[PDB]
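Q: Provided hereafter are the protein sequence and its experimental coordinates.
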Amino acid sequence: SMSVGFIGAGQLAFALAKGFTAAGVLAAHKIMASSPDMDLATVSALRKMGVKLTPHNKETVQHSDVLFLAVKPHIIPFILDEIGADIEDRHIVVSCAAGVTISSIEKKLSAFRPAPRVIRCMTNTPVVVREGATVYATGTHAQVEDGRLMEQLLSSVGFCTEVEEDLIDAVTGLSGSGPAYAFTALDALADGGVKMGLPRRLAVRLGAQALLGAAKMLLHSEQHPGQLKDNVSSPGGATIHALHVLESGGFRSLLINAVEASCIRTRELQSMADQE
Amino acid sequence: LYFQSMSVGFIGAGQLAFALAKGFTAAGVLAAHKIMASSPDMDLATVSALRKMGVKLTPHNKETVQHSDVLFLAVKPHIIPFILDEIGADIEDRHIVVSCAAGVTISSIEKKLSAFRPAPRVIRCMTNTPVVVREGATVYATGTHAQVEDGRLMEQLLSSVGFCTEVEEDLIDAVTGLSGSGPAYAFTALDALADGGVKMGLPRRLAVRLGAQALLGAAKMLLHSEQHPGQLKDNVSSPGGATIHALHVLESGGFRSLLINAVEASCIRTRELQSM
Amino acid sequence: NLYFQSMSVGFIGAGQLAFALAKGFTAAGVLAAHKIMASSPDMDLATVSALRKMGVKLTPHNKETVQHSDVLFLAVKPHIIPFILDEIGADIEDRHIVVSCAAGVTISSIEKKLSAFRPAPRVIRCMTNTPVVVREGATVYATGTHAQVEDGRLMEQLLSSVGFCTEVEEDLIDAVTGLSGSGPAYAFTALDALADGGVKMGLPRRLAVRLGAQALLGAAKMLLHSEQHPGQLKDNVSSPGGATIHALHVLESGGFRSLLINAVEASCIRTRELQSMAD
Amino acid sequence: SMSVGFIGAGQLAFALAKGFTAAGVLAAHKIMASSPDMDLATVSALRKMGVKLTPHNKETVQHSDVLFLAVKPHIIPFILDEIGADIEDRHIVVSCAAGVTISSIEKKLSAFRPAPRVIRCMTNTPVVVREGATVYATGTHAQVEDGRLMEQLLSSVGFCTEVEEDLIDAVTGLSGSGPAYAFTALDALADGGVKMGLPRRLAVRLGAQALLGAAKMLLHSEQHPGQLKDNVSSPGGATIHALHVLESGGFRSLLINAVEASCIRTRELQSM
Ligand SMILES: NC(=O)c1ccc[n+]([C@@H]2O[C@H](COP(=O)([O-])OP(=O)(O)OC[C@H]3O[C@@H](n4cnc5c(N)ncnc54)[C@H](O)[C@@H]3O)[C@@H](O)[C@H]2O)c1
Ligand SMILES: NC(=O)c1ccc[n+]([C@@H]2O[C@H](COP(=O)([O-])OP(=O)(O)OC[C@H]3O[C@@H](n4cnc5c(N)ncnc54)[C@H](O)[C@@H]3O)[C@@H](O)[C@H]2O)c1
Ligand SMILES: NC(=O)c1ccc[n+]([C@@H]2O[C@H](COP(=O)([O-])OP(=O)(O)OC[C@H]3O[C@@H](n4cnc5c(N)ncnc54)[C@H](O)[C@@H]3O)[C@@H](O)[C@H]2O)c1
Ligand SMILES: NC(=O)c1ccc[n+]([C@@H]2O[C@H](COP(=O)([O-])OP(=O)(O)OC[C@H]3O[C@@H](n4cnc5c(N)ncnc54)[C@H](O)[C@@H]3O)[C@@H](O)[C@H]2O)c1
């Protein structure tokens, strides 16, 4: 029942706006988004939603109480310089950008007005179906109710928890990049279904249902994923035969490699940002 | 009206019998006491879980057959002919026999039971453990003498606990490799993703939660999207970014091939289980 | 406080397994060594010398072991089983319980040979392992057609004195052979390698061996006394960002898990193939 | 008589607390553990045991005679700053942290009182079943009886020996991380049994028993682990066939790689 803004009108702005309005926590008309190119396909999607669109980032700031920064990490410093003087006492600035530290944001903004209210989050694209995974850290001058408000809002579109900021790059490598790992696994599983004689449409549907179902089981269980895996693996059966071939390929190591590589690239990019 | 006075039985009181019983009762489809399950060893952890559920248990498969309208065969494939010999003379015209056993053909079951009575009503099914959270993936094929309402009853019953669709029987071995074994692939992946989070500094509990939420959310997005998995992948993969870096390391280990390998190995083993 | 005062035990074969079991039983106090007899055609083996020092009766003649024994262990190589059954089949009596320890050899095949001489041989098949020598064996057994219920009970009592023991269906025994029968060799290989790792990083070999073996022993005991999944116990060792999780990743990268699955499979398959050639 | 404290109330504090009380060396109520998060599973487990719990590390220090530092390496200098002024002459400070040097600990504590008694330790979680593998090195001001007391205490929960401090990073890689390698191996061995037709519960029991028995054999034998392997490996048989497939995957190299990777990471944990 408050005004929300997005600097950037891309994949994430759309996913979050769609999630929030689907959840009934925000009205489309109370959301404004800005982008230099008002022609992107995400901008058309946001427009069909009933979100207000403008090329001017200063309008989005003036409209908003909660302001999401939804631009690529290297654009963050530029927009902070652009609208730093327009930030007001009322604003909660929520950065969604991978890698970008609360300290870097607070430093740019504090030049214009002291005590900016800053929250850093990492979320993912499934907020669009209200099954996101979101973490946030509160800044130096965030009020206690600011983190509570943020958890309330982001909980409407998935799992939300507060973390120490020093965990966010790792979360980025796991749940931020995680959907892409799943989409790749699902395409491959469907290819396997197809190789064994299934129609593609049926293979995609069953693969995706299998992954959704397994994930829900784990979330609702008190047991270790190893135990749930044990329960599927009948002695001498089809499943244990398949698990062996995954093991022989170092399947588990690949997913460990993936989380590590995404985390390291996130950290590495911010080092370049900090040096620059 | 299908579930109004239906009695269900399970030959086998193991992981699948428990999973389906928990799902059916959670769904509100059947009262727990309207379900019976039988096993030689009544001291398994699965028999104990079923007992606390309120499900009637007995060591005698004949008693399960007499109680049941719909009779689920939930034993290892090599035990199916043994129990068909045992209780085949007790299978009346009224029974719908639902084989959940990997690989075991409708033909083989009908050949056995037809020696006792001429028109045994036989359905073959492949399902998975996530029926326990009503997010299963189920296929069924109807036998020679299954009536039109038998398939509708089966679709209604198995749709209460997740996805369900009728298929040609010749797809079922493939489905086994994809969605039957699928949850085990997911559990392995989630354990490995959590290990990745942990290597990069996340507490285990948070890493498990975030990984599972990421998979669940991505699966949901795919099911609700009109777009190809590769396109959804592209929406997460920012140029030069963390995610595309992680995807490369997955590609470098042949991640996709491993999942194809798994679906294939499970399907091939299911085919061997029937020959043997 | 167990002791079989009326039980005479014999081993046909005086090798690694006969020594391991005799040593375990006598350490357990359930049998006096002079109530044990073992036979082998080679009476100049280290295992024969070790049995002699221990107080076990030795003879070259298998018929003497049979005549001494109530419980008769067949502790010869699988391919030697048919020969010794032909040799002593006519000497089997009502009182004998024949306990085959041979890898792969079916109750069926043993019962078929002995039944030619005298019907209703009481036969039990077991799979054990060398750690019975320190009373920490892993033993399974299956009862034959003519085995009394008191026969299985007695054998479990005896074999439980030297480690874990449980009854199984005979069709699981080749797989047990691949896991717990061959298992100690997998462990000895792992301990040698872990010690080499300790030495590479600067430890004296003796300390490296002690610490590695203690780590494995302790971990195994933890799992046995825990209600938690081995994955959960692993998780508790693995501090975020820490040493352990880094080492686990390099294990995963080499397909460590697959290798152990490969080993159990290969040992089980070889066990089945050898019998298939025998039969 | 002895009061024991843990700064940190996580996996290690729980394991050691469980071991010591199971050994009958300490009454649970003579142990106090502290943690800023009192809503952890480990804290609840310690609470059920009868261990005293507090969010205040100073309370743990004042309670304790032997004070175990059971926090992550990077937290160590923070808590040394915090409670350094509360360290008394009676205290033996026992650091269990991976990689953290006696030198670094004495440097911090020596700013407050001149002769802090510091012991560095590496142990492992099987202390919970009194079969831990523990090593320790004594600091500059640790008396001979401090080392003896520590050996008596840690020997009640498993193997314990004194080493030179320069060996501890390598021990961390072997016995510190070792139980996790064993749990991985046991899970995989059980998967193998299940593949070949065994029930999971039986496969887990048998695999664990096989490992326990084999380890015990080696500890009670004067023979090389290669010779013990030979005694299981009949010519042409099942075991030698399985050993070949292990060799073909470079099984031994993987375990060497693991010990090295843990030791090297332990050395990095300190350097930064
Ligand atoms: N897509 C994901 O999976 C995901 C998930 C979590 C977090 N994020 C984070 O969200 C941020 C944006 O990601 P995305 O995928 O939506 O980016 P993307 O390119 O879709 O969208 C970026 C938007 O920023 C706009 N933009 C460029 N310059 C601008 C400026 N000066 N002022 C205002 N807008 C400008 C672009 O026109 C575009 O509309 C990144 O920092 C990323 O780390 C992305
Ligand atoms: N677990 C899964 O993920 C899953 C999913 C779909 C289908 N299935 C199929 O279900 C079947 C059962 O698998 P599970 O995982 O439940 O096996 P699991 O080992 O529980 O065993 C099932 C039950 O069969 C019982 N049984 C053995 N002999 C019997 C007899 N003579 N009479 C009655 N009961 C007997 C066992 O005692 C046990 O209670 C298999 O054919 C499998 O392919 C399993
Ligand atoms: N060693 C293990 O790890 C182990 C574990 C479990 C089961 N087993 C089984 O135990 C059996 C023996 O194994 P082992 O390791 O003790 O063998 P090994 O060679 O040490 O001993 C074999 C013994 O049989 C004797 N022998 C040969 N021909 C004979 C004959 N005609 N009559 C009597 N004795 C004869 C040999 O002289 C020797 O004393 C095998 O079937 C093996 O599968 C071995
Ligand atoms: N887990 C093992 O297998 C093992 C074995 C030997 C040594 N260690 C060492 O023990 C140390 C702790 O490992 P763990 O696995 O028990 O850690 P883990 O996180 O379970 O527990 C650490 C504990 O420290 C607490 N803590 C954090 N900050 C604190 C502070 N400022 N004051 C007091 N307590 C604080 C945490 O809340 C938690 O209770 C590490 O240095 C590790 O190298 C672990």
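A: Ah, there it is. Residues are numbered from 1 along each chain as shown, chains lettered A, B, ... in the order given. Ligands and ions are numbered 1, 2, ... in the order given.
Q: use CA for all of it now, contacts and neighbours both
A: Noted.
Q: how near is the nearest residue to residue A:194 once chain neighbours are set aside to chain D?
A: The shortest distance from residue A:194 to any non-neighbouring residue, by CA to CA, 6 or more residues apart in numbering or on different chains, is to residue A:200 (5.8 Å). Separation of residue A:200 from chain D (CA to the nearest CA, to the nearest Å) stands at 30 Å.
Q: what sits against residue A:200?
A: Neighbouring residues of residue A:200 by CA atoms under 8 Å, 6 or more residues apart in numbering or on different chains: A:190, A:191, A:193, A:194.
Q: so how far is stretch A:155-175 off the chain centroid?
A: Chain-centre distance of stretch A:155-175: 8 Å, with CA atoms, centre = their mean, to the nearest Å.
Q: Is there proximity between it and chain C?
A: No. Against chain C, stretch A:155-175 shows no contacts by CA under 8 Å from any CA of the partner chain, the least distance being 10.3 Å.
Q: Name the residues of that stretch that are buried.
A: Judged by neighbour count (16 or more other CA atoms under 10 Å in any protein chain shown), stretch A:155-175 contains these buried residues: A:155-163, A:165, A:167-175.
Q: From start to finish, how long is it in a straight line?
A: Across stretch A:155-175, the terminal residues are separated by 15 Å (CA to CA, to the nearest Å).
Q: So that stretch, near chain B or not?
A: Yes. On the criterion CA under 8 Å from any CA, stretch A:155-175 is in touch with chain B at A:159, A:167, A:170, A:171, A:173, A:174, A:175.
Q: ok, whichever residue of the stretch 1-150 of chain A sits closest to ligand 4 - contacts?
A: Across the stretch 1-150 of chain A, no residue is closer to ligand 4 than residue A:137, which sits at 18.0 Å (CA to the nearest ligand atom). If you count contacts by CA under 8 Å, 6+ apart, residue A:137 has them with A:119, A:120, A:121, A:162, A:163, A:164, A:165.
Q: closest to residue B:8 among those residues?
A: For the contacts of residue A:137, the residue nearest residue B:8 by CA to CA is residue A:162; the value is 46.1 Å.
Q: Could you list which of the residues of stretch A:155-175 next to chain B belong to helices?
A: A:170, A:171 (DSSP state H).
Q: Please indicate which of the contacts of residue A:200 has the highest neighbour count?
A: Highest neighbour count within the contacts of residue A:200, by other CA atoms under 10 Å in any protein chain shown: residue A:193, with 30 neighbours.
Q: What strand or helix carries that one?
A: helix A:178-195 (DSSP states H and E).
Q: If you count contacts, what does that helix end up packed against?
A: Where contact means 3 or more CA pairs under 8 Å, 6 or more residues apart in numbering or on different chains; DSSP states H and E, helix A:178-195 is packed against helix A:200-220, helix B:204-224, helix B:229-236, helix B:242-252, helix B:255-275.
Q: what about the residue of the stretch 51-200 of chain A found nearest ligand 3, how many neighbours?
A: Residue nearest to ligand 3 within the stretch 51-200 of chain A (CA to the nearest ligand atom): residue A:196, separated by 40.9 Å. Using other CA under 10 Å, residue A:196 is surrounded by 22 other residues.
Q: Let me see the contact set for the closest residue to it other than its chain neighbours.
A: Excluding its sequence neighbours, the residue lying closest to residue A:196 (CA to CA, 6+ apart) is residue B:174, at 5.5 Å. Counting by CA under 8 Å, 6+ apart, residue B:174 touches A:193, A:196, A:197, A:198, B:263, B:264, B:267.
Q: next one: residue A:55
A: A:34, A:35, A:36, A:37, A:38.
Q: now residue A:81: how far from chain D?
A: Distance, residue A:81 to chain D, using CA to the nearest CA: 34 Å.
Q: export whatever helix or strand that residue lives in as CSV, just CAs?
A: Taking DSSP H and E as the definition, one finds residue A:81 inside helix A:76-83. Only the C-alpha atoms of helix A:76-83 are listed here, as CSV (Å, rounded to 0.1, in the frame of the first residue of the first chain):
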residue,chain,number,x,y,z
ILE,A,76,25.2,0.9,-10.2
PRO,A,77,27.9,3.6,-9.6
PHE,A,78,26.6,5.7,-12.5
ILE,A,79,23.0,5.7,-11.3
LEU,A,80,24.1,6.5,-7.7
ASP,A,81,25.8,9.6,-9.0
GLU,A,82,22.8,10.4,-11.2
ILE,A,83,20.1,10.3,-8.5
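Q: what's it in contact with?
A: A:57, A:58, A:61, A:69, A:97, A:105, A:108, A:109.
Q: The stretch 1-150 of chain A against chain B: which residues are in contact?
A: Residues of the stretch 1-150 of chain A lying near chain B (CA under 8 Å from any CA): A:11, A:124, A:125, A:126, A:127, A:128, A:129, A:130, A:131, A:132, A:133.
Q: Out of the residues you listed, which sit inside helices?
A: residue A:11.
Q: In strands, which of the residues of the stretch 1-150 of chain A next to chain B fall?
A: Of the residues of the stretch 1-150 of chain A next to chain B, the ones assigned to strands by DSSP state E are A:132, A:133.
Q: Would you format the residues of the stretch 1-150 of chain A next to chain B as a markdown table with distance to ligand 3 included?
A: Below are those laid out as a markdown table (distance: CA to the nearest ligand atom, whole Å):
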| residue | distance to ligand 3 |
| --- | --- |
| A:11 | 62 |
| A:124 | 54 |
| A:125 | 56 |
| A:126 | 55 |
| A:127 | 57 |
| A:128 | 59 |
| A:129 | 58 |
| A:130 | 57 |
| A:131 | 54 |
| A:132 | 54 |
| A:133 | 52 |
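Q: how about the residues of the stretch 1-150 of chain A next to chain B in JSON lines, adding distance to residue B:29?
A: Formatted as JSON lines, the residues of the stretch 1-150 of chain A next to chain B follow (distance: CA to CA, whole Å):
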{"residue": "A:11", "distance to residue B:29": "41"}
{"residue": "A:124", "distance to residue B:29": "36"}
{"residue": "A:125", "distance to residue B:29": "35"}
{"residue": "A:126", "distance to residue B:29": "31"}
{"residue": "A:127", "distance to residue B:29": "32"}
{"residue": "A:128", "distance to residue B:29": "31"}
{"residue": "A:129", "distance to residue B:29": "28"}
{"residue": "A:130", "distance to residue B:29": "28"}
{"residue": "A:131", "distance to residue B:29": "27"}
{"residue": "A:132", "distance to residue B:29": "31"}
{"residue": "A:133", "distance to residue B:29": "32"}
